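Residue numbering restarts at 1 for every chain, and letters A, B, ... go by the order of the sequence lines.
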Amino acid sequence: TXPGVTXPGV
Amino acid sequence: XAXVXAXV
DNA sequence: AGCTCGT
DNA sequence: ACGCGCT
Ligand SMILES: *C(=O)c1cnc2ccccc2n1
Ligand SMILES: *C(=O)c1cnc2ccccc2n1
Ligand SMILES: [Mg+2]
Ligand SMILES: [Mg+2]
Ligand SMILES: [Mg+2]
Ligand SMILES: [Mg+2]
């Protein structure tokens, strides 16, 4: 996720 | 990712 | 494949 | 002294 907590996605 | 001082 | 902080 | 969350 995020970043943080990429995306999703990418 | 860990949160032990920052928690990002 | 795709990234990030200091208490 | 610590690595995290789905599309
Ligand atoms: C979270 O797992 C995590 C891991 N490494 C990092 C390095 C620098 C800043 C934040 C970070 N977070
Ligand atoms: C939290 O601020 C923090 C700062 N320095 C660290 C060094 C090593 C592990 C965890 C740490 N946490
Ligand atoms: Mg993969
Ligand atoms: Mg540091
Ligand atoms: Mg590390
Ligand atoms: Mg994991």
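- The side chain of A:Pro3 sits closest to C:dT4 out of D:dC6, D:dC2, C:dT4.
- Separating the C1' atom of C:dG2 from that of D:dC4 is a span of 12 Å, rounded to the nearest Å.
- Checking C:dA1 for Watson-Crick or G-U wobble geometry (two distances, each under 3.5 Å) identifies D:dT7 as its partner.
- Each of D:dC2, D:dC6, C:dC5 was ranked by its minimum atom distance to the side chain of A:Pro8; first place goes to D:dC6.
- D:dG3 and C:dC3 have their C1' atoms separated by 12 Å, given to the nearest Å.
- You'll find that the side chain of B:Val4 is closest to D:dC2, out of C:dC5, D:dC6, D:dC2.
- Atom P of D:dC2 sits at a distance of 23 Å from the matching atom of C:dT4, rounded to the whole Å.
- Side-chain proximity of B:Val8 to the nucleotides C:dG6, C:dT4, D:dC2 is greatest for C:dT4.
- Under the Watson-Crick or G-U wobble criterion, with both distances below 3.5 Å, D:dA1 is paired with C:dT7.
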